[PDB]
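Read through the structure below, which is laid out as structure tokens, and then see the notes.
Each ligand, and each atom within it, is numbered from 1 in the order the structure gives. Computed from heavy atoms alone, side chains included, the values below leave out hydrogens, waters and symmetry copies. Order of the sequence lines fixes the chain letters, A, B, ..., with proteins taken first and strands second; residue numbering starts at 1 for each chain.
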Amino acid sequence: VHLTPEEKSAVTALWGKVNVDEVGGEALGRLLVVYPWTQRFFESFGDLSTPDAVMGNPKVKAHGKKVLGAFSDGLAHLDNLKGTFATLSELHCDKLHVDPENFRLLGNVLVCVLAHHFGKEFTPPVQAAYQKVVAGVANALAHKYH
Amino acid sequence: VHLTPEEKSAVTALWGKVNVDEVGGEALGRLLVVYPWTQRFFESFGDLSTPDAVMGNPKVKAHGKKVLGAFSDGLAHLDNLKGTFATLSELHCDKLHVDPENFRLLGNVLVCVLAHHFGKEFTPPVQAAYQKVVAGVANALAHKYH
Amino acid sequence: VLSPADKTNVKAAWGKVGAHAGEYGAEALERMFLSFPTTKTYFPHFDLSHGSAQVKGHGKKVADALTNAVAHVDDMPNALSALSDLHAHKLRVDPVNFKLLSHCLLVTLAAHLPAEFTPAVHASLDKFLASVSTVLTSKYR
Amino acid sequence: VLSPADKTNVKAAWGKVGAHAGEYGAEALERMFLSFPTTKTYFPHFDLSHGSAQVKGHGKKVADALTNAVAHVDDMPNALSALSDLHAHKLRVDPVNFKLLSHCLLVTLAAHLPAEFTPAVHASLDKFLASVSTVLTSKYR
Ligand code: HEM
Ligand code: HEM
Ligand code: HEM
Ligand code: HEM
């Protein structure tokens with residue numbers, strides 16, 4: 001993504017303060033609750049009949065953590081999101097059969113999570129940068145789909 | 001856009017047969033009728049109160065030609081839709097204040113005009129190629145918005 | 001909301017389709033798969049090659065639903081309620097894809113109804129397809 | 001459709017907003033302009049600088065419409081018909097931007113209501129804003 005240098009500096013500054021363990025579990029959980037059709041892909045994660053069932057789900061919690069990890073790494077390579085996520089893009093398509101639209105839903109929910117978390121510190125300009133990143137990521141992930 | 005050679009081949013090969021005069025008028029025209037809100041920008045065109053008022057509107061038919069002509073030229077530099085559309089990008093943004101989503105709507109309308117007119121000759125594969133094009137353009141045309 | 005003119009327009013267009021509907025269903029899907037590869041994510045269990053009988057079959061099924069939607073234009077909700085449950089509770093197809101097929105269905109129609117695919121019809125069909133889409137995704141959450 | 005729970009969640013969430021809805025509307029507007037610059041295309045005539053009183057002002061307005069939408073949750077169609085006519089007929093704002101403003105509102109609410117911005121409340125408010133958006137662009141054609 002073509003992020004200003006203060007965009008990448010701001011994205012970066014904040015990320016350092018995020019607790020990946022948790023944020024990821026919170027982001028993925030909120031996805032499943034807000035857009036329940038996304039649950040289609042996690043039938044083996046057990047109970048997701050309720051918000052508490054979803055948010056406290058240890059599997060959701062565990063999955064959430066791997067996502068954010070991968071996300072974290074893409075952030076070390078803003079200049080090469082596509083190379084970064086190339087293997088994950090093929091997997092999601094060819095093996096997981098996940099519609100790329102889910103990547104966009106997740107990036108927005110993630111933005112709501114970060115906002116939820118940094119409060120006043122998550123300013124308009126910080127958000128603007130974050131949107132760009134999330135979009136870079138969903139596009140990077142949807143790139144090898146065919 | 002990532003066009004296949006048979007992709008450029010077929011794009012280029014169908015366009016060759018296009019009468020830009022009426023395909024151009026018919027596409028802008030249909031845009032105004034199908035997505036009434038787009039008219040916002042052509043109040044100066046007159047009476048658009050009807051499908052007929054619009055279709056046979058010469059101010060529409062003439063703008064349509066210009067648009068198709070410019071589109072028609074981006075086909076010559078597939079390899080750099082952004083350089084091509086750079087100035088038209090800034091104009092539509094800064095002067096016309098046109099929302100880039102309109103460009104996306106036109107592209108779809110355009111694919112419909114082409115299918116209408118070429119019929120059996122506008123094959124799935126051919127539509128596919130064009131979808132890529134209309135997308136590229138939309139994108140190239142929205143690229144300098146700020 | 002469909003005006004009485006839209007309804008006329010669509011009843012008209014669709015009556016023209018007649019016995020090809022099925023033909024046209026399968027065609028629109030085909031176009032979709034090739035033009036919007038992402039849409040294939042939902043048919044991992046189908047043969048998607050050109051000529052696929054699975055695709056032909058399903059095409060009919062889709063067509064038949066459109067026909068039915070046409071017949072009950074004034075009570076689409078009721079007529080389609082059951083498909084709404086299915087796409088909402090089982091298929092769980094991201095709402096975005098409805099716009100894709102509607103466009104593919106529209107292109108198809110235009111390629112087979114030179115004469116009838118008028119600006120006014122075009123506009124009425126778009127609206128009818130968007131209403132069907134709206135119905136099918138009304139039970140998502 | 002908003003369920004009894006959605007309505008509860010939203011009446012409460014909005015309740016909380018309270019005296020800041022102006023402040024919030026404005027802030028969400030700033031968020032939207034920065035994140036989705038194409039949105040500025042509808043406000044050529046405005047001062048879109050940080051602090052603009054023109055933005056603050058309009059933000060109040062947007063907020064008061066939402067408060068009023070919340071106030072008439074069981075009859076949103078009628079409660080906002082005036083604004084639907086307006087957006088549909090005079091402004092002619094592309095339907096896709098309603099989703100962006102909504103996202104920004106959510107983001108502003110989340111930033112400000114830590115305690116209340118619960119998964120369940122988030123889902124409810126998301127549904128509400130989507131319903132508002134639906135009302136507002138219902139007369140586009
Ligand atoms: C922000 C973008 C995303 C990232 C970085 C990401 C990352 C990952 C990673 C690292 C894995 C495990 C790799 C492996 O097992 O080989 C995975 C698996 C998976 N991803 Fe994603 N993912 C993303 C978005 C999504 C979304 C939005 C969905 C659907 C809502 C999804 C559905 C899945 C599924 C279903 C699996 C396998 C889960 C299972 O173990 O059953 N992914 N993803
Ligand atoms: C492929 C997409 C498009 C192309 C290639 C295109 C091209 C052009 C060109 C060449 C001009 C004249 C500017 C000049 O050279 O001085 C123009 C002007 C304009 N365009 Fe577009 N355009 C596109 C889409 C749209 C859409 C979708 C809309 C809104 C519905 C729009 C609204 C306008 C308006 C209002 C003008 C000014 C007309 C006048 O008063 O002279 N354009 N466009
Ligand atoms: C207005 C648009 C649509 C109509 C009329 C429609 C109609 C139908 C019908 C009639 C069925 C078969 C159910 C049965 O046998 O009772 C079906 C199932 C299905 N639909 Fe749709 N659908 C639409 C949109 C979509 C979209 C956009 C997608 C995804 C790209 C989709 C994915 C599916 C799938 C995957 C099935 C399962 C069929 C099978 O597994 O054999 N549908 N739909
Ligand atoms: C939930 C969504 C929305 C609500 C509740 C809303 C509400 C309003 C209200 C209350 C007014 C002013 C009417 C008056 O002065 O009586 C207005 C005007 C306006 N709205 Fe919206 N609106 C929404 C979405 C949008 C979107 C998405 C855009 C474009 C991005 C937009 C652009 C405008 C503009 C340009 C004006 C006129 C500005 C002025 O001259 O002061 N609105 N809207």
Side-chain angles (χ1 to χ4, degrees), chain A residues 99, chain B residues 28 31-32 35 38-42 44-45 59 63 66-74 85 87-88 91-92 95-96 98-107 110 134 137-138 140-141, chain C residues 25 29 32-33 36 38-46 54 57-58 60-66 68-69 80 82-83 86-87 90-91 93-102 105 129 132-133 135-136, chain D residues 25 32 36 38-46 54 57-58 61-66 69 80 82-83 86-87 90-91 93-102 105 129 132-133 135-136:
Chain A
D99 163 10
Chain B
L28 195 75
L31 181 77
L32 264 44
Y35 309 113
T38 56
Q39 311 172 4
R40 51 195 319 267
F41 320 88
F42 317 103
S44 93
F45 277 30
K59 307 265 253 197
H63 186 74
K66 308 238 251 279
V67 163
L68 256 292
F71 181 107
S72 172
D73 149 84
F85 289 104
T87 50
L88 274 183
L91 169 71
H92 281 86
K95 266 277 307 289
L96 317 180
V98 164
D99 170 10
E101 178 67 28
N102 294 118
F103 309 147
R104 270 155 259 154
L105 277 177
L106 179 67
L110 174 62
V134 290
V137 170
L141 273 175
Chain C
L29 274 183
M32 188 179 61
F33 295 140
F36 307 104
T38 60
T39 64
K40 301 195 291 192
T41 60
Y42 300 100
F43 301 81
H45 60 297
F46 270 29
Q54 277 175 288
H58 188 70
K60 193 179 316 298
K61 296 203 198 103
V62 161
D64 279 355
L66 283 200
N68 182 55
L80 300 188
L83 248 303
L86 168 72
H87 293 61
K90 297 306 158 51
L91 301 170
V93 172
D94 196 90
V96 74
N97 307 108
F98 287 83
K99 278 60 218 172
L100 303 192
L101 173 51
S102 295
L105 212 31
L129 288 189
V132 179
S133 287
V135 170
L136 287 189
Chain D
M32 186 178 69
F36 319 108
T38 64
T39 66
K40 284 191 308 184
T41 67
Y42 299 86
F43 299 80
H45 43 301
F46 276 29
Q54 226 176 335
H58 184 76
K61 296 193 200 94
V62 170
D64 294 10
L66 288 173
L80 310 195
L83 268 187
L86 167 279
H87 282 79
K90 302 292 142 85
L91 303 169
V93 172
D94 191 283
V96 68
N97 308 99
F98 287 92
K99 297 49 210 178
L100 300 175
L101 175 53
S102 300
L105 225 24
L129 286 177
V132 170
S133 295
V135 161
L136 288 189

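At a heavy-atom distance under 4.0 Å, no atom of B:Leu105 approaches ligand 2. At a heavy-atom cutoff of 4.0 Å, ligand 3 is contacted by the side chain of C:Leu86 but not by its backbone.
Rounded to the nearest 0.5 Å, atoms OG1 (D:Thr41) and CD (B:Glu101) are 11.0 Å apart. Atom NE2 in B:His63 sits 4.5 Å away from atom CZ in B:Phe42 (nearest 0.5 Å).
C:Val132 has its side chain out of reach of C:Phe98: every pair of non-hydrogen atoms, C-beta onward, lies at least 4.5 Å apart. No side-chain heavy atom of B:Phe71 sits under 4.5 Å from any side-chain heavy atom of B:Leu106. Looking at D:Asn97 and D:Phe36, their side chains never come closer than 4.5 Å, going by heavy atoms from C-beta outward. C:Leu66 is listed as a side-chain neighbour of C:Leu105, based on a closest heavy-atom distance under 4.5 Å. Using a 4.5 Å heavy-atom threshold, the side chains of B:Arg40 and D:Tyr42 count as touching. Between C:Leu29 and C:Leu101 the shortest side-chain heavy-atom distance falls below 4.5 Å.
In terms of protein heavy-atom proximity, atom 5 (C) of ligand 2 is nearest to B:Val67 O, 3.6 Å. Atom 32 (C) of ligand 2 has its closest protein heavy atom at B:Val98 CG2, 3.6 Å. Of the protein's non-hydrogen atoms, the one nearest atom 35 (C) of ligand 3 is C:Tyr42 O, 3.2 Å. The protein heavy-atom contact nearest to atom 33 (C) of ligand 4 is D:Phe43 CZ, 3.5 Å. The protein heavy-atom contact nearest to atom 18 (C) of ligand 2 is B:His63 CE1, 3.4 Å. Atom 15 (O) of ligand 2 has B:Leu88 CD2, 4.3 Å as its closest protein atom, hydrogens excluded (heavy atom only). If you check which protein heavy atom lies closest to atom 40 (O) of ligand 2, you get B:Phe45 CE1, 4.9 Å. Nearest protein heavy-atom contact of atom 1 (C) of ligand 4 is D:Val132 CG1, 3.5 Å. Given atom 3 (C) of ligand 2, the protein heavy atom at minimum distance is B:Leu141 CD1, 3.4 Å. The nearest protein atom to atom 27 (C) of ligand 3, hydrogens excluded, is given as C:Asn97 O, 3.3 Å; this is a heavy-atom distance. Of the protein's heavy atoms, B:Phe103 CD2, 3.6 Å lies nearest to atom 24 (C) of ligand 2.
Taking only non-hydrogen atoms, the option from B:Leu91, B:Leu106, B:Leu96, B:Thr87 nearest to atom 36 (C) of ligand 2 is B:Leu96. The residue among C:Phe46, C:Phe33, C:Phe98 with a heavy atom at the shortest distance from atom 41 (O) of ligand 3 is C:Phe46.
Atoms of ligand 2 found under 4.0 Å from any heavy atom of B:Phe41 (numbered from 1 in listed order, with element): 29 (C), 30 (C), 35 (C). Heavy-atom proximity to B:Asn102, at under 4.0 Å, picks out these atoms of ligand 2: 27 (C). Taking every heavy atom of B:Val137 and a limit of under 4.0 angstrom, the matching atoms of ligand 2 come to 1 (C).
Around NZ of B:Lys59, the count of heavy atoms belonging to other residues, nucleotides or ligands within 6.0 Å does not exceed 12. Within 6.0 Å of NZ in C:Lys60 there are 12 or fewer heavy atoms belonging to other residues, nucleotides or ligands.
Within the protein, the N, O or S atoms sitting under 2.8 Å from atom 21 (Fe) of ligand 4 are D:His87 NE2.
Note: an N/O pair closer than 3.5 Å links C:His45 and ligand 3 by distance alone. Geometrically, ligand 2 and B:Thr38 share no nitrogen or oxygen pair separated by less than 3.5 Å.
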task: Could you please spell out the steps behind the side-chain contact (heavy atoms from CB on, under 4.5 Å) verdict for B:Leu32 and B:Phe45?
output: CA-CA 11 Å; B:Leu32 264 44; B:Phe45 277 30; 5.5 Å; no
Step-by-step side-chain contact (heavy atoms from CB on, under 4.5 Å) determination, B:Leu105 to B:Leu31: CA-CA 7 Å; B:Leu105 277 177; B:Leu31 181 77; 3.9 Å; yes
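Among all heavy-atom pairs drawn from B:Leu96 and B:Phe41, the shortest one is O-CD2, 4.2 Å. Taking all atoms of both residues into account, the shortest heavy-atom contact from B:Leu88 to B:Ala70 is CD1-CB, 4.0 Å. Taking each heavy atom of D:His87 and D:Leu136 in turn, the nearest pair found is CB-O, 4.1 Å. Across all non-hydrogen atoms, the minimal contact from D:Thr38 to B:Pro100 is CG2-CG, 3.4 Å. Closest heavy-atom contact between D:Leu80 and D:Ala65: CD2-O, 4.0 Å.
At a distance under 4.0 Å, a protein heavy atom can be found next to atom 13 (C) of ligand 2. Checking atom 29 (C) of ligand 2 against the protein gives a heavy-atom contact under 4.0 Å. The nearest protein heavy atom to atom 43 (N) of ligand 2 is closer than 4.0 Å.
Ring planes of D:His45 and D:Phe43: parallel class, angle under 30° (limits at 30 and 60°).
For B:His92, the nearest N, O or S atom to atom 21 (Fe) of ligand 2 falls under 2.8 Å.
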